[PDB]
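Read on for two forms of one protein chain; each stands alone as C-alpha cells, with the labels structure 1 and structure 2.
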Structure 1
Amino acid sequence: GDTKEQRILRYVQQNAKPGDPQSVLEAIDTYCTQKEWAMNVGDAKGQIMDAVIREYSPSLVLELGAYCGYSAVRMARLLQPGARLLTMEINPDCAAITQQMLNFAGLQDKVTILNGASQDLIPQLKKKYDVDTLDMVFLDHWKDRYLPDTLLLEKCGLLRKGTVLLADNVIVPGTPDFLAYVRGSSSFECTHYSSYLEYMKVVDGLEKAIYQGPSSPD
C-alpha cells in the first residue's frame, strides 16, 4: 500500500495550483475529507493557528512534528519575508513529503526541515542553528514528548517571556500531563481553543501557553 502522506502529495500536485498555499491547504483538506482521515483534516485547527500567527507575528517558529506538510504550509504562508520556521520530524519519509509539499507551495525558502528526534535536536538549536530564543512553538508530535520537550526548551534557554506555545491534539488522544503542567505553572498563561474532529464527532482542542519567564530561585 501507498502511505497516506504520499497519496496526499499526489493529489495536491495534480489538483492544487503551484505557489498558491491556500489552494494546497484546500486540496489536502478536500482529499482527506473524502478518505475520512479525521486527524488529517486541518481546517478547524488551522483557523486557530492562523489567529495566533496573525496576533503575535513571530519571526522564529519551531514546529515539532510533520506528516504531509499541511501545518508547515499553513504557518509559513503567514510568516513575513525573512522569518524562519524550523520543523523537526523524526520520520525521514514524512520529512521528505513535507519538503516536496513546501516546494509546490513556493514556501520552501522560509522553512528548514530538521530530520531527527526533537529531544536530540532541541539542545543543538543555540549553537548549531544560531537561535537566541523562539517566538513561537507549535507542538504536534509524539504526545508523550509535549511535556518533556517543553521542560527541555526551558532548560536550554530557548524560551523567553512572551514566547507562545501552541499545542495541538491536547484532548484527542490527549496530552493531560502537559495541560496540567502549563495550567498549574506560574510560568505560563494559558488559553484553550475547541477544535472539532469529523467522523469521531468530538471536540478536540489546542492550548495556547504563553511563557512568562522562569520560576523564582527562591
Structure 2
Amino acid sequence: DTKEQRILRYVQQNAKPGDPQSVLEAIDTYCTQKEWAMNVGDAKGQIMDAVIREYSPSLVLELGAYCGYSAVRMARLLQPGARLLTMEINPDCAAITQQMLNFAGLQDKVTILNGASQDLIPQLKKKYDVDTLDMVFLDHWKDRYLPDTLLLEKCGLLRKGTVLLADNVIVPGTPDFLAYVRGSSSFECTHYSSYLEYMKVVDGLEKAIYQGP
C-alpha cells in the first residue's frame, strides 16, 4: 500500500465518522508520529481557519487536494449552502480525498474536479456553472501558482475582494508568484509566517486579495 492509503486507514481507525476535527487530529498525529506528508498541517491550518472565518466565503476553489486534509479543514468552517471545489490531477489522490470527505461527513459541501488545474480552470464557468470565486487556495505545484493566477484572471473568475491564499510560498517557495502579486497593483498582499507542516522549518502563506483589473 501507499502512504496515502495508510493515512486514510489511520483516520478510519482513529477518528469518529462525521467529526471533521477528529479527522484532522488523526491525520496530524499520523504525520507527526509515523510518516510526514504534504498536508497544510495544523500550524498553517490555524492561519487558514482564521482567514476562512474572516471572509466566510460562499464559493472556494482549492488547487491540489491530495488526501483531503485542507478540504476537510476548509469545508468544516463553511456556512450551509457554501461550496468548495477542489482540483486534483492524480486520480489515486482524488479517490483518497473523496473517502476522507465522506468519512468526515462533508461530501455535500465539496466537489472534486479531476484533471490539471490549467485544463479545468477554463471550464469553470460553462461546465461547472461558476460566476466568480470568493476564495482560492493554491497548494498544488509551485510552478503553477503564477500561471494559474493569471489564468483565473483571464477567465473572469476573480472579482474585487477575491482572496487568494497560497501555501508554501517559502518552502518549496514560489518566488515568481510572490514577486508578481507583491509588485502588482491588482493585488493587496499580506505574508503570514509559519512553519512547514509537521516540522521545525519556517514556511508561510501569502494572502493576495484581488483588486480588479
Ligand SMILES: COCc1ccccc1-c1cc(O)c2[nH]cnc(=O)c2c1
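Residues that one form lacks are left out of the comparison. For residue numbers, the reference is structure 1: its sequence is counted from 1. The term rigid core refers to the maximal set of C-alpha atoms that superpose within 1.5 Å between the two forms.
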task = Only one of the two shown forms is the form solved without this ligand, so please name it by number.
result = 1
Comparing forms between structures 1 and 2 after core superposition, the one residue of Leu165, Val41, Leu153, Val170 displaced by 2 Å or more at CA = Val41
ask   = Taking the rigid core as the reference frame, is the Cα of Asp20 displaced by 2 Å or more between structures 1 and 2?
value = no
inquiry  = Aligned on the rigid core, do the two forms place the Cα of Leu197 2 Å or more apart, comparing between structures 1 and 2?
reply    = yes
request  = Taking the rigid core as fixed, quantify in angstrom how much the C-alpha of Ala66 shifts between structures 1 and 2.
outcome  = 1.2
note = Shift of the Cα of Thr30 between structures 1 and 2 with the rigid core overlaid, in Å, rounds to 0.4
remark   = In sequence order, the stretches of at least 3 consecutive residues present in both forms and shifting by 2 Å or more at each Cα after core superposition between structures 1 and 2 are 38-41, 197-201
